Amino acid sequence: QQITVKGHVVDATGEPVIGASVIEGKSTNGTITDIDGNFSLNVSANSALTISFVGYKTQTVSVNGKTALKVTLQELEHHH
Amino acid sequence: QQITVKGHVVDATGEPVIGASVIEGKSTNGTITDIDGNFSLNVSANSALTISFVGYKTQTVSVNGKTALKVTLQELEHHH
Amino acid sequence: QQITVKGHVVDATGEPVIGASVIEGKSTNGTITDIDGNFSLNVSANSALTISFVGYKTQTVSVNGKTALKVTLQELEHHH
Ligand code: NI
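Peer 1: Before we go on, may I ask you to explain the coordination of the nickel ion in this structure?
Peer 2: Distances from the nickel ion to its protein donors, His78(A) (NE2), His80(A) (NE2), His78(B) (NE2), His80(B) (NE2), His78(C) (NE2) and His80(C) (NE2), fall at 2.2 Å. Around the nickel ion sit six donor atoms, and with donor-metal-donor angles ranging over 89 to 177° the site reads as octahedral. Here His80(C) lies in the segment after β7 (68–72) and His78(B) lies in the segment after β7 (68–72), a pairing that spans two chains. Residue classification places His80(C) among the partly exposed residues on the basis of a relative accessible area of 40%.

Printed below as a string of structure tokens:
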């Protein structure tokens, strides 16, 4: 009923994003990336992940039945 | 030439948002929500209100000739 | 192969924005506005400038072969 997605989150230069939130859709099922930018989450194969971290644009990525995902976060384009 | 709109502003859990700005369109006619999430503003019946508060997505809501309005603010999806 | 664009950056009231970033597209070719809101940048005539400054919405403006440009920045509509 789920698959286990193992993912890697980087910035545009390919450096790991450490501590990014990775949540299944808008549910309470979520995790954080580790010291290497890696996460593991059990999700529906047809779901989408929301990835966020301070200083970056939040992104929604479709799982598309993939057990391995790479997410490249882009920096925010404003500050206060 | 106006109506008086009495409104209630909440977050997604239904708790009042206290101190939110409620402005007629982009004009200088504005107020703030009280301790109970309530506001009163005199506006054109055909106008729209802009509702904002720190930490939430600004929203525009059509008055649609209504003298009683509920606004549900959603949290921002980034931070810095 | 380039033109020199001389530009003036203001807020909605017409006051200079001092220290705004002015970058050719998403490249490393960039400058900042001076004490009078003015910048000079050498760019492709067919390019676009990205103008940003704390507290304002980032804007992209086409050069359109113009050697003189005015940019009016609008304030951000949220804060944290
Ligand atoms: Ni922000």
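Peer 1: Quick question: what am I supposed to make of the relation of the copies chain B and chain C here?
Peer 2: The two chain copies are connected by a rotation around an axis plus a translation along it. Mapping chain B onto chain C is achieved by rotating through 120° and translating by 0.0 Å along the same axis, at an RMSD of 0.0 Å. Seen this way, the second copy is the image of the first under a three-fold rotation axis. For chain B, the residue whose C-alpha comes nearest the rotation axis is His80(B), separated from it by 4.8 Å.

Peer 1: For this particular structure, what's the right way to read the interface of chain B and chain A?
Peer 2: By convention, interface size is frequently given as the accessible area that disappears when the constituent parts associate. Contacts between the two partners involve four residues from chain B, matched on the other side by nine residues from chain A. A buried area of about 520 Å², summed over both sides, lies between chain B and chain A, and 59% of it is on carbon and sulfur atoms. Three residues, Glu77(B), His79(B) and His80(B), lead the burial of chain B against chain A; their summed loss comes to 81% of the area buried on that side. Where chain B meets chain A, there are zero salt bridges. Counting across the interface, chain B meets chain A through five residue pairs in polar contact.

Peer 1: Looking at this structure, I do not really get the sheet that holds strand β5 (residues 48–52) of chain C. What am I missing?
Peer 2: The pairing of strands in a sheet happens through backbone hydrogen bonds and is either parallel or antiparallel. All names here are of chain C. One open sheet holds the four strands; their spatial order is β3-β2-β5-β6, and the pairing between them is antiparallel. Each edge of the sheet is formed by a strand with only one pairing partner; in this case those strands are β3 (30–32) and β6 (59–62). Ignoring which end each strand starts from, the neighbouring axes of this sheet average 25° apart. Relative to β5, strand β2 (residues 21–24) runs antiparallel, the two sharing four bridges. By the bridge assignment, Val22 is partnered in β5 with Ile51.

Peer 1: What is the right way to read the sheet that holds strand β6 (residues 59–62) of chain A from this model?
Peer 2: Residue and element names in this part refer to chain A. Strand order in this open sheet of four strands is β3-β2-β5-β6, and the pairing throughout is antiparallel. Each of the sheet's edge strands pairs with one partner strand only, and the pair in question is β3 (30–32) and β6. Strand-to-strand, the axes of this sheet are offset by a mean angle of 25°, without reference to chain direction. Judged from the four bridges that link them, strand β5 (residues 48–52) and β6 form a sheet pairing that is antiparallel. Considered in β6, the bridge of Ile51 is made with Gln59.

Peer 1: Teacher, can you tell me more about the relation of the copies chain B and chain A here?
Peer 2: It takes a turn of 120° to lay chain B on chain A, together with a shift of 0.0 Å along the axis; the resulting RMSD is 0.0 Å. When the interface residues of chain B are mapped onto chain A, 75% of them again lie at the interface, so the same face is used by both copies.

Peer 1: Before we go on, may I ask you to explain the interface of chain B and chain C in this structure?
Peer 2: Taken together, the contact pairs nine residues of chain B with four residues of chain C. Here chain B packs against chain C, burying approximately 520 Å² in sum over the two surfaces, 59% of which is carbon and sulfur. Summed over the three residues of chain B that lose the most area to chain C, namely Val54(B), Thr58(B) and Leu76(B), the buried surface amounts to 58% of that side. At the boundary of chain B and chain C, one finds zero salt bridges.

The rules we used
- Sequence order sets the numbers: each chain starts from 1, possibly unlike the entry numbering, and residues with no coordinates are not included.
- As they are written, the chains are lettered A onward and the ligands numbered 1 onward, keeping that order.
- Side-chain metrics in this entry use all non-hydrogen atoms of the structure; hydrogen atoms and water are not considered.
- A 2.8 Å cut-off from the metal defines N, O and S donors, relaxed to 3.2 Å for Na, K and Ca; water is not in the atom list, so some sites may appear incomplete.
- Under this scheme a four-donor centre is tetrahedral when all angles range from 85 to 135 degrees, a four-donor centre is square planar and a six-donor centre octahedral when opposite donors are above 155 degrees with the rest from 65 to 115, and any other centre is irregular.
- A run of H or I in DSSP counts as a helix once it spans at least four residues, and a run of E counts as a strand once it spans at least two, with each numbered from the N terminus.
- Relative accessible area decides the class of each residue, using a 1.4 Å probe on protein chains only: under 20% of the type maximum gives buried, over 50% gives exposed, and in between gives partly exposed.
- Copies overlaid by least squares; the fit is on C-alpha atoms.
- Between two residues, a contact is recorded if the distance between any of their heavy atoms is within 4.5 Å.
- Take the accessible area each of two parts loses on contact, using a 1.4 Å probe, and add the two losses: that sum is the buried area.
- Salt bridges are defined as contacts in which a side-chain nitrogen from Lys or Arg sits within 4 Å of a carboxyl oxygen from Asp or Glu.
- We define a polar contact as two N or O atoms separated by no more than 3.5 Å, with the added condition that, inside protein, one atom must be a possible hydrogen donor and the other a possible acceptor, whereas residues neighbouring each other in sequence contribute only through side-chain atom pairs.
- Pairing between two strands requires that DSSP report at least two bridges joining them.
- Note on method: axes are straight lines fitted to C-alpha atoms, helices fitted across the in-contact stretch only, with angles between N-to-C directions ranging 0 to 180 degrees.

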